[PDB]
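Chemist: Residue numbers (the authors' numbering), protein chains in the order written: chain R, 570 to 673, 685 to 713; chain H, 714 to 824, 845 to 1146; chain W, 955 to 1146.
No residue lacks a Cβ here, since even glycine has one placed at the ideal position from N, Cα and C.
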Amino acid sequence: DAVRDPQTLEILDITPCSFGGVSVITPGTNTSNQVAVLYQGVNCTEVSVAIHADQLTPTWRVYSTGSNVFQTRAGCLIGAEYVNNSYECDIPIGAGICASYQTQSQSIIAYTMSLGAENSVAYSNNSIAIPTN
Amino acid sequence: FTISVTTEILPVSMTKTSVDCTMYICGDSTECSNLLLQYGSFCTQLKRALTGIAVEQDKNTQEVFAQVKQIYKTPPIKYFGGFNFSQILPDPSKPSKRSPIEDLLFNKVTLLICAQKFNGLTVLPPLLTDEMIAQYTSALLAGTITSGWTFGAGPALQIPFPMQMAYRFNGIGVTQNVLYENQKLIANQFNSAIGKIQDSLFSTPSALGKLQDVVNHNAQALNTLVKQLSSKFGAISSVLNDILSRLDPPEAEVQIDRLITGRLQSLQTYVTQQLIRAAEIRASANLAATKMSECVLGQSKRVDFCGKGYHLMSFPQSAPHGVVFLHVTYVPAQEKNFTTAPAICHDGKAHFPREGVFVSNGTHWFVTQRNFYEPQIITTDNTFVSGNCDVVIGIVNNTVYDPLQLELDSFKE
Amino acid sequence: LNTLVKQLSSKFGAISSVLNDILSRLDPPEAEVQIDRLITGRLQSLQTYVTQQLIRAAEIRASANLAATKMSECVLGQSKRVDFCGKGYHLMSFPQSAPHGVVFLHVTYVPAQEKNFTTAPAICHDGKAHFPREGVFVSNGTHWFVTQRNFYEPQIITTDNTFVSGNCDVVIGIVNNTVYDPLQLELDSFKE
Ligand SMILES: *[C@@H]1O[C@H](CO)[C@@H](O[C@@H]2O[C@H](CO)[C@@H](O)[C@H](O)[C@H]2NC(C)=O)[C@H](O)[C@H]1NC(C)=O
Ligand SMILES: *[C@@H]1O[C@H](CO)[C@@H](O[C@@H]2O[C@H](CO)[C@@H](O)[C@H](O)[C@H]2NC(C)=O)[C@H](O)[C@H]1NC(C)=O
Ligand SMILES: *[C@@H]1O[C@H](CO)[C@@H](O[C@@H]2O[C@H](CO)[C@@H](O)[C@H](O)[C@H]2NC(C)=O)[C@H](O)[C@H]1NC(C)=O
Ligand SMILES: *[C@@H]1O[C@H](CO)[C@@H](O[C@@H]2O[C@H](CO)[C@@H](O)[C@H](O)[C@H]2NC(C)=O)[C@H](O)[C@H]1NC(C)=O
Ligand SMILES: *[C@@H]1O[C@H](CO)[C@@H](O[C@@H]2O[C@H](CO)[C@@H](O)[C@H](O)[C@H]2NC(C)=O)[C@H](O)[C@H]1NC(C)=O
Ligand SMILES: *[C@@H]1O[C@H](CO)[C@@H](O[C@@H]2O[C@H](CO)[C@@H](O)[C@H](O)[C@H]2NC(C)=O)[C@H](O)[C@H]1NC(C)=O
Ligand SMILES: *[C@@H]1O[C@H](CO)[C@@H](O[C@@H]2O[C@H](CO)[C@@H](O)[C@H](O)[C@H]2NC(C)=O)[C@H](O)[C@H]1NC(C)=O
Ligand SMILES: *[C@@H]1O[C@H](CO)[C@@H](O[C@@H]2O[C@H](CO)[C@@H](O)[C@H](O)[C@H]2NC(C)=O)[C@H](O)[C@H]1NC(C)=O
């Protein structure tokens, strides 16, 4: 975990390599051919600087940081745009964040889940509701 | 009588893990991976098993908690007939909209160790955060205190809370006039019991044992899997770079095959034990979903299912990796003994009670309901007639007053 | 099954995966050494297959027990357990056979069109409180009725709908109303 430098007497911690899984988020191939990429459990302020001249393990790095780069609690999402809306979950990414393929003309978006329609029962101490049908 | 609130704690899900088998077995070396690909497809099976476990654990919490079509809210004024649910409703002062009981349940379960899972081991986050599960439990609570069991069948239909409690008293077999004549006292008993839960889990340090056992089992399995990577399995060294840079390749490959076999067996034992534990957690989550459907969304007649006693109603609370059910039940209390008969001999006709029993202290006979002492005068409306009096064993002499003949004989003459 | 058959074509550190090629190329003292790696690999694949089949068999047994309980409880009777036999109040269920399983068609209720009313827990008539035998007291705004709980069907409040328990000084929310005794209305006319 830690090593003393044997030349100058200070103490330095050792942190291992970042690494992680790469997930590809797609709709059906009968619908479209564009995809989004999730790098799992990774702050992507270092994904951008790790894109070098043929150094990273995945050979495809064409996406890089060409916009739509979003930080989630489940990792970093590239190729999907975050919106300030809430729909029913379509493709689960994680930590309350899902993705879908909708209009705006037609692209992959990321959002937080809506748990349901909002309701408020009109409670009173002297009122009832009774079905007729 | 007595109203009692008990707690039942059920685990619903566990942690989601993913393993890179090539990184775990092979310490970023090209040729030891070349021996690893000679073994076929033992790694895709482990990957498929772990993904199936993770998807199942996401499915478990959605089965237990996501059972409302709409999110319900309490009215901004909160007076429910003297019943006082501030210990279980969420408060808005806290940044997390959780009840006080949920705040203690979050604080009690104690969830360099995270810096050691860096050998291909990754822990995935759950799909539903703690906030969303809290909004599920608040929606369930608001729907069950503002509508009753009506929102579990169709649309939510409002009813005052004492009328709902009278419905539930009729459900357990007691007339509802017992409620309305004792309401305040009944409310006070509820306001006692929901208080005591606040300390009953607090003084006891082993109350939340199941969720802590889930956390401890996952942690020790992960730590054992990491510690097994530093064993030799029949070699000079467990370090792959030292054995690579010390010997020639023809003996190096046939010796590191032993490390490959040992690490592969440790991975297989870990995956099989996670499969068995995932089956057990799936069974527990199915039981928790059944109790949420039957104890919370309705009133249950099954004995000892929703707590000890006669079930009145239940409340859900969320917990780390689980759920806590607060079961409110009706327990009988101070009882008296009387003499009883199966029938009454009046005019050569036997009278049986429509509902209730015949009781006597020694002088007179009365008809009472079975679960509460409320004696009433035996009339022809309380009893029904069947046969003569020579067939029933234990029939006694008494009189049965007709409330029609007396008024006719008074008013006509 | 495809994984188990495809696993048969790997070497496990031997010269070849074909056993007859190993026997037809080498002398027996080296042939046994080459065979033992294949034997260990194929035993390991068979044991993993049997263990995973046992786990899946337990998982199928649990759902088969659940389906047997659903056939006993939803089809051969009517169940009061909530959300066991579908959504709503249970009426019936029908079985259908499917490849490797069963499909249950659950017939249930949904209450559809609701109306809003005002309620009281009791009725003050003559210094005596009246509680409904079955149903609730319902006012549209002017008159009061007794209905059943799951369907709106108003009826005139009589002594055949309610029962009497005590006076009118203990129930919180009791209201003024009249209660019609159907004996006195008949007995005050034919006698005179
Ligand atoms: C119906 O609702 C009102 C408002 O919610 C109730 O008023 C509460 O009454 C209790 C005692 O019965 C007090 O402790 C509360 O402070 C009151 N809340 C208020 C004024 O906001 C009231 O009980 C009900 N109406 C009637 C006529 O009794
Ligand atoms: C109870 O609901 C049914 C529908 O389930 C109503 O029947 C409809 O009545 C309207 C008015 O006559 C017709 O236009 C529809 O065609 C009927 N639908 C069907 C499927 O028959 C019925 O009227 C309702 N009853 C009340 C009193 O509201
Ligand atoms: C419901 O119960 C809570 C206790 O959980 C009551 O809150 C107490 O109120 C008194 C009077 O203001 C304070 O002295 C206490 O400190 C409060 N306790 C807590 C834990 O905050 C609350 O008043 C009750 N509700 C009603 C309507 O009376
Ligand atoms: C039924 O039991 C309750 C206790 O659960 C009794 O209520 C107590 O009665 C005594 C005597 O008057 C009081 O000192 C207490 O304060 C009461 N407790 C509460 C919570 O109100 C009740 O009296 C019993 N009923 C009968 C008929 O014996
Ligand atoms: C058995 O219980 C009943 C309860 O009503 C008692 O019956 C009444 O007792 C009083 C005593 O003063 C009499 O004035 C009433 O006429 C009785 N009622 C009827 C309907 O007869 C009865 O006394 C109790 N027995 C004992 C031994 O206490
Ligand atoms: C009260 O019940 C007793 C039995 O416990 C009845 O006594 C006998 O009843 C039989 C059958 O009617 C008669 O033949 C006998 O003559 C009765 N014995 C006596 C000693 O009278 C009795 O009839 C019942 N009724 C009354 C009003 O006492
Ligand atoms: C509450 O329901 C009763 C049902 O009888 C209504 O009373 C009747 O209303 C009709 C419509 O005007 C009249 O023709 C009848 O003569 C009324 N009957 C009686 C006995 O008065 C009553 O109007 C309803 N109230 C409201 C406000 O809708
Ligand atoms: C109707 O209910 C009211 C209360 O809402 C009763 O009115 C009170 O009755 C007592 C007992 O007779 C009187 O002492 C009070 O003066 C009454 N209060 C008021 C404000 O007038 C009433 O008795 C009930 N019955 C009838 C027929 O009106």
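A702 (chain R) to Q891 (chain H), Cα distance in whole Å?
Modeler: 7 Å
Chemist: Please return the same chain residues whose Cβ sits closer than 7 Å to the Cβ of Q1006 (chain H), not counting the five positions on each side in sequence.
Modeler: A954
Chemist: Quick one: residues in its chain with C-beta nearer than 8 Å to the C-beta of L941 (chain H), no 5 flanking neighbours on either side, listed in chain order?
Modeler: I722, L818, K821, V822, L934, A1052
Chemist: Quick test of your reading: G794 (chain H) and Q916 (chain H), contact by CB under 8 Å. State the CB separation rounded to the nearest angstrom.
Modeler: 7 Å
Chemist: Let me check one thing: in DSSP terms, what residues is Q686 (chain R) bridge-paired to?
Modeler: R:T672
Chemist: Under 8 Å between C-beta atoms, does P711 (chain R) make it to chain W?
Modeler: yes
Chemist: Please check if any C-beta of chain R sits within less than 8 Å of the C-beta of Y1043 (chain W).
Modeler: no
Chemist: Are the CB atoms of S726 (chain H) and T774 (chain H) nearer to each other than 8 Å?
Modeler: yes
Chemist: DSSP puts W1098 (chain W) in a beta bridge; with which residues?
Modeler: W:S1093
Chemist: Assuming contact is defined by CB atoms lying nearer than 8 Å, are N713 (chain R) and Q1067 (chain W) in contact in what I supplied?
Modeler: In contact: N713 (chain R) and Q1067 (chain W) (Cβ atoms closer than 8 Å).
Chemist: In chain R, which residues lie with their C-beta within 8 Å of the C-beta of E1068 (chain W)?
Modeler: For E1068 (chain W), the C-beta contacts it makes with chain R under 8 Å involve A709, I710, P711, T712, in order along the chain.
Chemist: Specify, as a first and last residue, the run of the beta strand (DSSP E) that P1086 (chain W) falls within.
Modeler: 1083-1086
Chemist: For a contact meaning CB atoms closer than 9 Å, what does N699 (chain R) contact in chain W?
Modeler: Simply none; closest approach about 14 Å.
Chemist: How far does the alpha helix (DSSP H) with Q751 (chain H) in it extend, from its first residue to its last?
Modeler: Where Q751 (chain H) is concerned, there is no enclosing alpha helix (DSSP H), given that its DSSP letter is neither H nor E.
Chemist: Which residues, in order along the stretch 773-796 of chain H, keep a beta-carbon less than 8 Å from a beta-carbon of chain R?
Modeler: For the stretch 773-796 of chain H, residues whose beta-carbon sits nearer than 8 Å to a beta-carbon of chain R comprise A779, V781, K782, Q783, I784, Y785, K786, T787, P788, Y792, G794.
Chemist: Could you pull the start and end residues of the alpha helix (DSSP H) that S978 (chain H) belongs to?
Modeler: Annotation: the continuous alpha helix (DSSP H) that includes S978 (chain H) extends over 973-979.
Chemist: Between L918 (chain H) and ligand 4, is there a pair consisting of the residue's CB and a ligand heavy atom that are separated by less than 7 Å?
Modeler: For ligand 4, a non-hydrogen atom lies closer than 7 Å to the CB of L918 (chain H).
Chemist: Is there a Cβ of chain H sitting closer than 8 Å to that of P627 (chain R), yes or no?
Modeler: no
Chemist: At a CB-CB cut-off below 9 Å, which residues of chain H make contact with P1065 (chain W)?
Modeler: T883, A886, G887, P888, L890
Chemist: Taking C-beta pairs closer than 7 Å, name the residues in chain R that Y1106 (chain W) reaches, listed in chain order.
Modeler: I710, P711, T712
Chemist: Using a threshold of 7 Å, is the CB atom of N1130 (chain H) nearer than that to any non-hydrogen atom of ligand 6?
Modeler: yes
Chemist: Give the range of the alpha helix (DSSP H) segment to which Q640 (chain R) is assigned.
Modeler: That residue, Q640 (chain R), is in no alpha helix (DSSP H); its beta strand (DSSP E) goes 638-641.
Chemist: Can you say whether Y1003 (chain H) is buried or exposed, counting buried as having 16 or more other CB atoms within 10 angstroms of its CB?
Modeler: buried
Chemist: In angstroms with no decimal places, state the Cα-to-Cα distance between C1039 (chain W) and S1017 (chain H).
Modeler: 21 Å
Chemist: Using the rule of at least 16 other Cβ atoms within 10 Å of the residue's Cβ for burial, across every protein chain shown, is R901 (chain H) buried or exposed?
Modeler: So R901 (chain H) ends up on the buried side.
Chemist: Return yes when the C-beta of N1070 (chain W) is under 7 Å from any heavy atom of ligand 1, and no when it is not.
Modeler: no
Chemist: Under the rule that 16 or more other beta-carbon atoms within 10 Å means buried, what is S939 (chain H), buried or exposed?
Modeler: exposed
Chemist: Tell me the residue span of the alpha helix (DSSP H) that contains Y703 (chain R).
Modeler: Premise fails: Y703 (chain R) is in no alpha helix (DSSP H) and is neither H nor E.
Chemist: Can you name the start and end residues of the beta strand (DSSP E) that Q1050 (chain W) belongs to?
Modeler: 1044-1052
Chemist: Got a sec, what are the start and stop residues for the alpha helix (DSSP H) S717 (chain H) sits in?
Modeler: Run containing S717 (chain H): none in the alpha helix (DSSP H); it sits in the beta strand (DSSP E), 715-724.
Chemist: For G904 (chain H), which residues in the same chain have their Cβ closer than 7 Å to its Cβ, ignoring the five residues on either side in sequence?
Modeler: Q1032
Chemist: Among H:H1079, H:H1097, H:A1083, whose alpha-carbon lies nearest the alpha-carbon of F1071 (chain H)?
Modeler: H:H1097
Chemist: For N1070 (chain W), report the span of its beta strand (DSSP E) as first-last.
Modeler: 1068-1072
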